[PDB]
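Shown next, in structure tokens, is the structure this report addresses.
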Amino acid sequence: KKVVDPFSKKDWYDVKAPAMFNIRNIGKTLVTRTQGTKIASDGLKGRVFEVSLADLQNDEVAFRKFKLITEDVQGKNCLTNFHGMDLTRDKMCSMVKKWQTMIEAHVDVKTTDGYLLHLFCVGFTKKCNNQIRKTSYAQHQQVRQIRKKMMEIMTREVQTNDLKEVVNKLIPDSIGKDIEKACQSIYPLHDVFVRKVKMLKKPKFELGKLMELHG
Amino acid sequence: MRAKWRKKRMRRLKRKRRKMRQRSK
Amino acid sequence: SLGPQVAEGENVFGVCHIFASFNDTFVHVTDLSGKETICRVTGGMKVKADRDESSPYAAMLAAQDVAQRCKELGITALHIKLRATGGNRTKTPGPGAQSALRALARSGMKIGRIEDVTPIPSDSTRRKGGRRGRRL
Amino acid sequence: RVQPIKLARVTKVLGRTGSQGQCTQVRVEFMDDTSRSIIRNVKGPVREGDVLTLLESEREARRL
Amino acid sequence: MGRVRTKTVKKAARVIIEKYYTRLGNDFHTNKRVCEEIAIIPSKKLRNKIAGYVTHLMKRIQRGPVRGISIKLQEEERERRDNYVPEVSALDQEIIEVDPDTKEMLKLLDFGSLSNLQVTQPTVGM
Amino acid sequence: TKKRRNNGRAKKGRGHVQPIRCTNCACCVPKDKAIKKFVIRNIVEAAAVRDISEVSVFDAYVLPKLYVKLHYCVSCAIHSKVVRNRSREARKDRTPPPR
Amino acid sequence: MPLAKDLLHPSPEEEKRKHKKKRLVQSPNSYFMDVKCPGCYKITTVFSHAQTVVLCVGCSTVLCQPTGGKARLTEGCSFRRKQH
RNA sequence: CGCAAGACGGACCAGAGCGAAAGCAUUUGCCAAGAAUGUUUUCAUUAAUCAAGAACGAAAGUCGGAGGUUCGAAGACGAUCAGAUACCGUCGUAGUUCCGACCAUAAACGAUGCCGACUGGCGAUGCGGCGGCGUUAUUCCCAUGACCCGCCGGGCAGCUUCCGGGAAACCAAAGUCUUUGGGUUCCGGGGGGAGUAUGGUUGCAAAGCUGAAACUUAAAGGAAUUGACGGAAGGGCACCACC
């Protein structure tokens with residue numbers, strides 16, 4: 001392409017979030033307006049947006065990022081749905097430090113809806129307030145007992161819920177707080193998070209369920 | 001590395017001497 | 001030109017990708033999904049000798065050239081993503097990194113959040129240069 | 001494209017720089033906004049309270 | 001430039017002040033006349049340098065001690081911090097508390113009967 | 001004659017220890033011979049912070065840190081002045097420099 | 001140790017501190033005790049470093065559990081040592 | 001934005017752990033093995049060190065199958081230079097990965113055989129056991145986990161001292177030696193010629209093991225001291241140095 005001012009041929013569209021988030025407008029995006037065998041909506045669909053939770057929800061922390069996908073276009077609006085979540089680079093780099101044990105786990109699970117998800121969890125040992133020793137290491141069997149409890153709690157919450165109730169748990173991250181309560185009888189833990197979620201497979205398109213998440 | 005190279009020089013001379021003598025009879 | 005038809009009291013955001021290494025620096029601004037390019041300018045477009053392409057000055061001149069084209073197309077604020085080369089290599093940003101960021105601020109763009117984006121392996125293929133390293 | 005001339009006042013001298021000690025290193029305060037101060041390198045003899053003429057304000061330099 | 005004073009100047013000035021403190025003062029032109037009659041100095045230019053450092057030392061001695069110099073006026077008030085102070089008319093009195101393991105140590109030594117008591121913390125402070 | 005009691009390495013009670021490749025020259029050396037440096041800095045310099053805080057869209061934001069861990073061989077650590085040579089009795093001091 | 005401490009008369013606090021094989025004459029740290037439980041009350045004898053899961057004459061499911069050191073009693077009414 | 005293939009397990013990671021040594025770091029399961037500790041269990045001298053003989057043994061290399069992402073001997077080119085068959089750059093064969101046979105070497109190092117006894121002090125650290133006032137978690141106590149204060153085995157190490165030793169550097173062993181003897185295996189005899197010639201033996205090959213003499217020579221070597229010197233580092237100086 002060597003077009004004279006191709007920005008003369010572009011239409012701006014709006015981008016709209018799912019109805020859970022307290023702030024529902026994402027921003028604006030470009031596409032080339034329709035021509036023979038190349039429609040505008042086919043260029044707008046399947047695009048990914050990555051947004052800080054503090055721009056979706058009013059009172060929240062900035063260090064969780066959510067991924068959203070476009071599914072259909074209505075008038076000048078692009079309508080979006082959930083695709084995953086992650087932690088910012090500078091958060092994870094600040095937690096990993098010397099003289100501690102780091103514990104990690106992962107699971108594959110389905111909702112009551114047809115979605116197949118994969119989840120990752122992390123936790124770190126706690127220095128006790130009287131401790132005069134320099135290091136806070138767990139023994140190998142204590143680490144194995146904690147990892148089974150991470151997987152046990154993390155599978156329980158997804159199997160009996162839909163994607164609506166799953167995202168409502170991830171916004172405050174009640175999953176990581178329940179693991180942090182349960183493990184204190186084995187070894188005290190000080191940072192605990194569901195640090196990443198990936199989607200592996202999903203059901204048919206279902207316009208009625210899409211609009212139930214938007215009305 | 002002069003000693004390692006003097007060792008290599010002797011090995012190639014011995015390989016020549018091997019092939020030269022064992023041809024004779 | 002044509003940005004969004006709203007033009008008072010609120011911002012229109014883009015994403016700026018800054019890739020700063022030794023040898024060169026890129027300034028590249030995109031749509032909020034990353035799929036459509038708005039403009040791209042580099043250190044080697046501004047200077048006329050290869051030594052200077054990674055310099056603080058060339059990076060300042062590239063950032064001023066990008067910020068004028070943003071306002072001309074109706075964008076008012078930027079999110080920033082910063083890269084060093086990554087992989088097997090050094091993963092510290094090159095010398096032109098600091099100059100591009102202040103130059104798009106001083107030329108009137110509003111600043112959103114900023115992120116480090118360099119690619120890191122959990123473990124990697126064998127690095128170039130042999131067992132004895134590059135020797136000088 | 002073009003940018004205007006700026007005038008700035010010397011507030012402190014910091015030391016001498018270059019291969020033969022040729023350039024003084026100095027802190028200057030802009031005369032259109034008393035809050036804005038930067039560091040520069042100067043070729044001649046310099047004294048506290050001198051005024052410099054800057055052909056670009058946006059460039060700043062450390063130890064050459 | 002360099003205005004540092006050599007040991008010939010600094011030693012002669014100290015020995016003058018040890019012997020003639022009662023003659024000296026802050027006026028350089030009077031010190032310059034005193035130093036000419038209490039000592040034999042070979043040069044006018046050396047006499048001026050000695051009276052100069054003597055004038056500097058008098059202005060220091062008016063504030064506190066100088067470690068290389070001594071005078072009766074400063075020694076007799078040191079001798080008044082020596083001997084006994086005006087601070088108190090009696091000792092700090094022997095009515096002081098005792099810990100349970102010191103009470104037990106005194107019990108085995110056939111003593112006690114004049115001290116109050118209390119216990120420390122439940123576990124060693126961290 | 002022997003120069004150091006530890007042979008210039010941390011290895012005691014072990015046979016083999018894995019190598020690493022240096023951040024300057026990609027030479028190959030043991031993980032416990034390599035000289036360590038962990039650097040934590042702001043993304044924005046102490047001169048530039050004021051110019052970037054005033055153009056910010058937010059009423060409150062805190063600029064992020066950059067984290068990098070570096071590894072050197074003896075030749076790079078000496079040439080880049082990370083370490084200096086020391087007096088025969090001063091070589092015994094294991095405490096890091098003052099702040 | 002000073003230059004002149006006599007070796008024939010260690011105090012009982014010097015002797016109780018050291019290892020069983022390194023005392024002046026050898027002696028074990030283990031002991032025999034008599035043990036009693038609720039529901040059936042026939043008293044029985046146990047060794048403090050037992051390896052067996054002991055069952056009482058009262059036929060209860062466990063009197064004590066074995067362990068890497070001393071065995072642990074199931075909250076029984078006695079841990080009393082026999083004197084000799 | 002999405003797909004495919006082969007290699008690798010960062011940060012946490014330490015004078016920390018395990019193994020006869022070579023060596024050993026994503027998750028979960030299965031198979032056989034092991035040190036230390038606890039013990040008022042059992043046999044009752046069954047032990048220590050070893051010609052002959054035997055198992056394991058980094059990387060590179062050889063033979064027969066499969067795979068081939070990254071890196072890269074030989075090789076083709078661009079630079080640098082008096083030349084540059086090199087150091088620096090672009091490309092790339094064998095190899096680098098897996099399976100089945102060979103090979104037996106290394107600064108294979110603590111440059112320091114194994115077993116047993118005795119001779120100073122101090123603070124930490126990993127494992128098992130013993131005792132104790134509090135704080136914290138689960139259920140409401142009890143028991144048990146994370147922390148805190150001591151003691152005992154045996155482990156990788158550290159600091160200190162006129163134990164004592166040594167040519168010294170240094171060493172709690174490299175000590176208990178002319179005041180010379182606890183047991184036992186291998187092995188050195190001034191520097192070169194030389195790990196060479198010749199015979200034997202093992203191997204597909206490369207090569208491994210065993211191994212001389214004629215002749216030649218006044219020193220070769222170890223630890224430490226004072227200078228001089230460095231394309232080593234840190235302070236300071238000079239118009240016979242520079243701006």
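Chain labels A, B, ... are given in the sequence in which chains occur in the structure tokens; within each chain residues are numbered consecutively from 1, and ligands are likewise numbered from 1 in the order shown.
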Report task. With a distance threshold of 12 Å and counting only C-alpha atoms (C1' of nucleotides), extract the residues of chain H near chain B and express them as a list in words. Result -> residues 194, 195, 196, 197, 206 and 207 of chain H
N, CA, C and O atoms (P, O5', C5', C4', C3', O3' and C1' of nucleotides) of the current selection, written as a PDB file, in the first residue's frame:
```pdb
ATOM      1  P     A H 194      64.385 -38.072  23.299  1.00  0.00           P
ATOM      2  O5'   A H 194      63.399 -38.257  24.552  1.00  0.00           O
ATOM      3  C5'   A H 194      61.999 -38.101  24.431  1.00  0.00           C
ATOM      4  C4'   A H 194      61.251 -38.417  25.736  1.00  0.00           C
ATOM      5  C3'   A H 194      61.487 -37.373  26.832  1.00  0.00           C
ATOM      6  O3'   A H 194      60.360 -37.308  27.697  1.00  0.00           O
ATOM      7  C1'   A H 194      62.291 -39.461  27.535  1.00  0.00           C
ATOM      8  P     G H 195      59.063 -36.425  27.375  1.00  0.00           P
ATOM      9  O5'   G H 195      57.905 -37.183  28.194  1.00  0.00           O
ATOM     10  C5'   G H 195      56.975 -38.084  27.594  1.00  0.00           C
ATOM     11  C4'   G H 195      57.488 -39.518  27.352  1.00  0.00           C
ATOM     12  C3'   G H 195      56.396 -40.371  26.672  1.00  0.00           C
ATOM     13  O3'   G H 195      57.072 -41.269  25.803  1.00  0.00           O
ATOM     14  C1'   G H 195      57.083 -41.399  28.648  1.00  0.00           C
ATOM     15  P     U H 196      56.363 -42.115  24.638  1.00  0.00           P
ATOM     16  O5'   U H 196      57.587 -42.188  23.611  1.00  0.00           O
ATOM     17  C5'   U H 196      57.928 -41.110  22.758  1.00  0.00           C
ATOM     18  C4'   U H 196      59.396 -41.207  22.346  1.00  0.00           C
ATOM     19  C3'   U H 196      59.828 -42.587  21.847  1.00  0.00           C
ATOM     20  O3'   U H 196      59.612 -42.737  20.448  1.00  0.00           O
ATOM     21  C1'   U H 196      61.370 -41.721  23.482  1.00  0.00           C
ATOM     22  P     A H 197      59.106 -44.113  19.794  1.00  0.00           P
ATOM     23  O5'   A H 197      60.417 -45.037  19.832  1.00  0.00           O
ATOM     24  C5'   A H 197      61.455 -44.884  18.877  1.00  0.00           C
ATOM     25  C4'   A H 197      62.633 -45.832  19.137  1.00  0.00           C
ATOM     26  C3'   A H 197      62.272 -47.312  19.076  1.00  0.00           C
ATOM     27  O3'   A H 197      62.336 -47.835  17.758  1.00  0.00           O
ATOM     28  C1'   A H 197      63.592 -46.847  21.005  1.00  0.00           C
ATOM     29  P     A H 206      45.277 -46.313  14.385  1.00  0.00           P
ATOM     30  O5'   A H 206      44.739 -45.039  15.192  1.00  0.00           O
ATOM     31  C5'   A H 206      44.489 -43.776  14.599  1.00  0.00           C
ATOM     32  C4'   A H 206      43.800 -42.844  15.611  1.00  0.00           C
ATOM     33  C3'   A H 206      44.634 -42.571  16.860  1.00  0.00           C
ATOM     34  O3'   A H 206      45.620 -41.581  16.609  1.00  0.00           O
ATOM     35  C1'   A H 206      42.385 -43.082  17.460  1.00  0.00           C
ATOM     36  P     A H 207      47.054 -41.624  17.316  1.00  0.00           P
ATOM     37  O5'   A H 207      46.664 -41.431  18.862  1.00  0.00           O
ATOM     38  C5'   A H 207      47.220 -42.202  19.916  1.00  0.00           C
ATOM     39  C4'   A H 207      46.120 -42.891  20.733  1.00  0.00           C
ATOM     40  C3'   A H 207      46.673 -43.577  21.977  1.00  0.00           C
ATOM     41  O3'   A H 207      46.900 -42.666  23.038  1.00  0.00           O
ATOM     42  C1'   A H 207      45.230 -45.043  20.827  1.00  0.00           C
TER      43        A H 207
END
```
Counting only C-alpha atoms (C1' of nucleotides), give me one row per residue of chain G with an atom at most 10 Å from an atom of chain H, showing the shortest contact pair and its distance in Å to one decimal, sorted by chain then residue number, as JSON lines.
```
{"residue": "G:17", "atom": "CA", "partner": "H:151", "partner_atom": "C1'", "distance": 7.0}
{"residue": "G:18", "atom": "CA", "partner": "H:152", "partner_atom": "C1'", "distance": 6.7}
{"residue": "G:19", "atom": "CA", "partner": "H:152", "partner_atom": "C1'", "distance": 6.1}
{"residue": "G:20", "atom": "CA", "partner": "H:152", "partner_atom": "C1'", "distance": 9.4}
{"residue": "G:27", "atom": "CA", "partner": "H:40", "partner_atom": "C1'", "distance": 9.1}
{"residue": "G:28", "atom": "CA", "partner": "H:40", "partner_atom": "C1'", "distance": 6.9}
{"residue": "G:29", "atom": "CA", "partner": "H:40", "partner_atom": "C1'", "distance": 9.3}
{"residue": "G:30", "atom": "CA", "partner": "H:40", "partner_atom": "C1'", "distance": 7.5}
{"residue": "G:31", "atom": "CA", "partner": "H:40", "partner_atom": "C1'", "distance": 8.0}
{"residue": "G:32", "atom": "CA", "partner": "H:40", "partner_atom": "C1'", "distance": 9.4}
{"residue": "G:47", "atom": "CA", "partner": "H:40", "partner_atom": "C1'", "distance": 9.5}
{"residue": "G:49", "atom": "CA", "partner": "H:39", "partner_atom": "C1'", "distance": 6.8}
{"residue": "G:50", "atom": "CA", "partner": "H:39", "partner_atom": "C1'", "distance": 8.4}
{"residue": "G:51", "atom": "CA", "partner": "H:39", "partner_atom": "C1'", "distance": 8.9}
{"residue": "G:67", "atom": "CA", "partner": "H:38", "partner_atom": "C1'", "distance": 8.9}
{"residue": "G:68", "atom": "CA", "partner": "H:38", "partner_atom": "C1'", "distance": 6.0}
{"residue": "G:69", "atom": "CA", "partner": "H:38", "partner_atom": "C1'", "distance": 5.2}
{"residue": "G:70", "atom": "CA", "partner": "H:38", "partner_atom": "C1'", "distance": 8.2}
{"residue": "G:72", "atom": "CA", "partner": "H:143", "partner_atom": "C1'", "distance": 9.7}
{"residue": "G:74", "atom": "CA", "partner": "H:143", "partner_atom": "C1'", "distance": 9.6}
{"residue": "G:75", "atom": "CA", "partner": "H:142", "partner_atom": "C1'", "distance": 8.4}
```
Mind the document's chain letters and residue numbers, and return as a tab-separated table (two decimals) with C-alpha atoms, in the first residue's frame the residues of chain C that DSSP labels strand (DSSP E or B).
```tsv
chain	number	residue	atom	x	y	z
C	13	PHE	CA	-5.65	7.22	24.47
C	14	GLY	CA	-3.09	5.35	22.36
C	15	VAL	CA	-0.27	2.88	23.26
C	16	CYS	CA	3.38	3.85	22.65
C	17	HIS	CA	5.92	1.02	22.19
C	18	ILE	CA	9.53	2.16	22.86
C	19	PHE	CA	12.24	-0.38	21.90
C	20	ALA	CA	15.61	1.01	23.00
C	25	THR	CA	15.88	3.01	19.09
C	26	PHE	CA	12.22	2.73	17.87
C	27	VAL	CA	9.25	4.97	18.84
C	28	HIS	CA	5.95	3.40	17.59
C	29	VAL	CA	2.36	4.46	18.50
C	30	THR	CA	-0.73	2.23	17.98
C	37	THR	CA	-0.39	1.46	13.48
C	38	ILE	CA	-0.72	5.28	13.67
C	39	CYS	CA	2.98	6.19	13.17
C	40	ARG	CA	6.53	4.79	13.64
C	41	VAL	CA	9.85	6.74	13.71
C	42	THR	CA	13.41	5.55	14.52
C	77	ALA	CA	-2.77	10.69	25.99
C	78	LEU	CA	-0.38	7.66	25.92
C	79	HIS	CA	0.14	4.38	27.78
C	80	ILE	CA	3.90	3.41	27.57
C	81	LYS	CA	5.50	-0.05	26.98
C	82	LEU	CA	9.36	-0.16	27.24
C	83	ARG	CA	11.71	-2.86	25.76
C	110	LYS	CA	-0.59	13.44	28.62
C	111	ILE	CA	0.97	10.36	30.34
C	112	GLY	CA	-0.93	7.24	31.47
C	113	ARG	CA	0.68	4.13	33.09
C	114	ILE	CA	4.13	2.78	32.10
C	115	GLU	CA	5.34	-0.89	31.88
C	116	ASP	CA	8.57	-2.94	31.34
```
Query - Counting only C-alpha atoms, chain C residues within 7 Å of chain A, as a list in words - result: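 Matching residues, ligands excluded from the count: residues 1, 4, 31, 32, 33, 36 and 116 of chain C.
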Query raised in the report: Can you list, as JSON, numbers by chain, every residue of chain F that DSSP puts in helix (DSSP H, G or I)?
Result: {"F": [49, 50, 51, 52, 53, 54, 74, 75, 76, 77, 78, 79, 90, 91, 92]}
Report task. Excluding stretch 86-90 of chain F and residues on its chain fewer than 6 positions from it, collect all residues at most 12 Å away from it, counting only C-alpha atoms (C1' of nucleotides), and give them as a VMD selection string. Result -> (chain F and resid 3 to 4 78) or (chain H and resid 233 to 234)
Mind dumping the selected residues with N, CA and C atoms (P, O5', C5', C4', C3', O3' and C1' of nucleotides) as a PDB file, in the first residue's frame?
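Below you can see again_19.pdb, which holds the result:
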```pdb
ATOM      1  N   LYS F   3      47.220 -18.664  46.873  1.00  0.00           N
ATOM      2  CA  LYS F   3      46.869 -17.253  47.106  1.00  0.00           C
ATOM      3  C   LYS F   3      45.681 -17.060  48.052  1.00  0.00           C
ATOM      4  N   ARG F   4      44.681 -17.945  47.989  1.00  0.00           N
ATOM      5  CA  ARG F   4      43.424 -17.876  48.758  1.00  0.00           C
ATOM      6  C   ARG F   4      43.116 -19.218  49.410  1.00  0.00           C
ATOM      7  N   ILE F  78      37.014  -6.781  37.054  1.00  0.00           N
ATOM      8  CA  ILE F  78      38.196  -5.925  37.221  1.00  0.00           C
ATOM      9  C   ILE F  78      38.216  -4.795  36.179  1.00  0.00           C
TER      10      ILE F  78
ATOM     11  P     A H 233      44.948   0.833  34.865  1.00  0.00           P
ATOM     12  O5'   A H 233      44.640   0.924  36.435  1.00  0.00           O
ATOM     13  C5'   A H 233      43.529   0.261  37.014  1.00  0.00           C
ATOM     14  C4'   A H 233      43.525   0.336  38.544  1.00  0.00           C
ATOM     15  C3'   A H 233      43.462   1.750  39.117  1.00  0.00           C
ATOM     16  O3'   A H 233      42.154   2.303  39.162  1.00  0.00           O
ATOM     17  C1'   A H 233      45.063   0.443  40.296  1.00  0.00           C
ATOM     18  P     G H 234      41.936   3.889  39.083  1.00  0.00           P
ATOM     19  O5'   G H 234      42.429   4.434  40.505  1.00  0.00           O
ATOM     20  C5'   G H 234      41.693   4.202  41.689  1.00  0.00           C
ATOM     21  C4'   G H 234      42.454   4.716  42.915  1.00  0.00           C
ATOM     22  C3'   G H 234      42.741   6.211  42.872  1.00  0.00           C
ATOM     23  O3'   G H 234      41.590   6.999  43.130  1.00  0.00           O
ATOM     24  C1'   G H 234      44.611   5.016  43.714  1.00  0.00           C
TER      25        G H 234
END
```
Check which residues of chain D sit at most 12 Å from chain H using only C-alpha atoms (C1' of nucleotides), and return one row each with the closest pair of atoms and their distance in Å to one decimal, ordered by chain and rising number, as a Markdown table.
```
| residue | atom | partner | partner_atom | distance |
| --- | --- | --- | --- | --- |
| D:17 | CA | H:243 | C1' | 11.9 |
| D:18 | CA | H:243 | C1' | 10.1 |
| D:19 | CA | H:243 | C1' | 8.9 |
| D:20 | CA | H:243 | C1' | 5.6 |
| D:21 | CA | H:243 | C1' | 7.4 |
| D:22 | CA | H:243 | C1' | 6.6 |
| D:23 | CA | H:243 | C1' | 10.4 |
| D:43 | CA | H:243 | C1' | 11.9 |
```
Requested in this report: Find the residue from F:61, F:43, F:99, F:32 that sits nearest to residue F:6; use only C-alpha atoms when measuring.
Outcome: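 Among F:61, F:43, F:99, F:32, it is F:32 that comes nearest to residue F:6.
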**Report entry** Selection near stretch 69-78 of chain E, 10 Å with only C-alpha atoms (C1' of nucleotides), sequence-local residues under 3 positions removed, as a list in words
**Finding:**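 Using only C-alpha atoms (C1' of nucleotides), the neighbours found are residues 14, 15, 17, 18, 19, 20, 21, 22, 57, 61, 64, 65, 66, 81, 82 and 83 of chain E.
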Save out the residues we just selected, N, CA and C atoms, as a PDB file, in the first residue's frame.
```pdb
ATOM      1  N   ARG E  14      55.117  28.816  72.577  1.00  0.00           N
ATOM      2  CA  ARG E  14      54.634  28.044  73.741  1.00  0.00           C
ATOM      3  C   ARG E  14      55.486  28.294  74.988  1.00  0.00           C
ATOM      4  N   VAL E  15      56.814  28.259  74.863  1.00  0.00           N
ATOM      5  CA  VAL E  15      57.740  28.502  75.987  1.00  0.00           C
ATOM      6  C   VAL E  15      57.628  29.927  76.543  1.00  0.00           C
ATOM      7  N   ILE E  17      54.744  31.766  76.544  1.00  0.00           N
ATOM      8  CA  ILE E  17      53.460  31.814  77.261  1.00  0.00           C
ATOM      9  C   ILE E  17      53.520  31.060  78.596  1.00  0.00           C
ATOM     10  N   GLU E  18      54.247  29.943  78.693  1.00  0.00           N
ATOM     11  CA  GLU E  18      54.418  29.215  79.961  1.00  0.00           C
ATOM     12  C   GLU E  18      55.079  30.065  81.061  1.00  0.00           C
ATOM     13  N   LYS E  19      56.006  30.960  80.702  1.00  0.00           N
ATOM     14  CA  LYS E  19      56.796  31.771  81.642  1.00  0.00           C
ATOM     15  C   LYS E  19      56.252  33.179  81.891  1.00  0.00           C
ATOM     16  N   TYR E  20      55.570  33.794  80.921  1.00  0.00           N
ATOM     17  CA  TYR E  20      55.203  35.220  80.946  1.00  0.00           C
ATOM     18  C   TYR E  20      53.720  35.512  80.648  1.00  0.00           C
ATOM     19  N   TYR E  21      52.807  34.593  80.968  1.00  0.00           N
ATOM     20  CA  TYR E  21      51.365  34.765  80.733  1.00  0.00           C
ATOM     21  C   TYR E  21      50.795  36.084  81.284  1.00  0.00           C
ATOM     22  N   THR E  22      51.279  36.545  82.442  1.00  0.00           N
ATOM     23  CA  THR E  22      50.804  37.766  83.121  1.00  0.00           C
ATOM     24  C   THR E  22      51.192  39.077  82.427  1.00  0.00           C
ATOM     25  N   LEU E  57      47.502  32.510  70.142  1.00  0.00           N
ATOM     26  CA  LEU E  57      47.344  31.639  71.311  1.00  0.00           C
ATOM     27  C   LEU E  57      46.663  32.326  72.503  1.00  0.00           C
ATOM     28  N   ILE E  61      43.422  30.768  74.561  1.00  0.00           N
ATOM     29  CA  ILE E  61      43.516  30.502  76.010  1.00  0.00           C
ATOM     30  C   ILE E  61      42.398  31.205  76.803  1.00  0.00           C
ATOM     31  N   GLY E  64      39.304  28.293  76.707  1.00  0.00           N
ATOM     32  CA  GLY E  64      39.460  26.914  77.192  1.00  0.00           C
ATOM     33  C   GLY E  64      40.912  26.415  77.128  1.00  0.00           C
ATOM     34  N   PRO E  65      41.168  25.133  77.435  1.00  0.00           N
ATOM     35  CA  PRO E  65      42.517  24.585  77.534  1.00  0.00           C
ATOM     36  C   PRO E  65      43.183  24.376  76.169  1.00  0.00           C
ATOM     37  N   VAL E  66      44.503  24.562  76.117  1.00  0.00           N
ATOM     38  CA  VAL E  66      45.366  24.213  74.974  1.00  0.00           C
ATOM     39  C   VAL E  66      46.348  23.134  75.443  1.00  0.00           C
ATOM     40  N   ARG E  81      37.828  20.917  90.619  1.00  0.00           N
ATOM     41  CA  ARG E  81      37.054  19.762  90.106  1.00  0.00           C
ATOM     42  C   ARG E  81      37.590  18.437  90.649  1.00  0.00           C
ATOM     43  N   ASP E  82      38.905  18.361  90.807  1.00  0.00           N
ATOM     44  CA  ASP E  82      39.569  17.491  91.778  1.00  0.00           C
ATOM     45  C   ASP E  82      39.115  17.852  93.216  1.00  0.00           C
ATOM     46  N   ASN E  83      39.501  17.068  94.223  1.00  0.00           N
ATOM     47  CA  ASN E  83      38.865  17.100  95.550  1.00  0.00           C
ATOM     48  C   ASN E  83      37.341  16.845  95.429  1.00  0.00           C
TER      49      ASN E  83
END
```
Would you list which chain D residues are within 10 Å of chain C using only C-alpha atoms, as a JSON list (two decimals) with C-alpha atoms, in the first residue's frame?
```
[["chain", "number", "residue", "atom", "x", "y", "z"],
["D", 1, "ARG", "CA", 10.27, 22.79, 13.36],
["D", 58, "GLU", "CA", 15.57, 20.74, 26.07],
["D", 59, "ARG", "CA", 19.08, 19.18, 25.88],
["D", 60, "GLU", "CA", 20.90, 18.45, 29.18]]
```
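The gap separating atom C1' of residue H:12 from atom CA of residue A:96 is 6.4 Å, in Å to one decimal.
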Would you mind listing what lies within 10 Å of residue D:46 as a compact mmCIF listing (two decimals) with N, CA and C atoms, in the first residue's frame, with only C-alpha atoms (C1' of nucleotides) counted and same-chain residues fewer than 5 positions away left out?
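Contents of the output file selection18.txt:
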```
# COMPACT_ATOMS: atom_id res chain seq x y z
N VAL D 10 23.17 31.69 36.04
CA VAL D 10 24.03 30.77 36.80
C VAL D 10 23.77 30.88 38.30
N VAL D 13 28.54 26.90 40.44
CA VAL D 13 29.59 26.21 39.66
C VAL D 13 29.99 24.89 40.34
N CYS D 23 36.33 22.87 30.03
CA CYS D 23 34.94 23.31 30.21
C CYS D 23 34.50 23.31 31.68
N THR D 24 33.90 24.40 32.15
CA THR D 24 33.26 24.46 33.48
C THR D 24 31.88 23.79 33.42
N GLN D 25 31.49 23.06 34.47
CA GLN D 25 30.16 22.48 34.63
C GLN D 25 29.35 23.29 35.65
N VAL D 26 28.11 23.65 35.32
CA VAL D 26 27.39 24.74 36.00
C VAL D 26 25.88 24.44 36.10
N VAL D 51 24.56 35.48 33.07
CA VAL D 51 23.43 35.05 32.22
C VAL D 51 23.96 34.35 30.97
N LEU D 52 23.49 33.13 30.71
CA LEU D 52 23.78 32.38 29.48
C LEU D 52 22.64 32.49 28.47
```
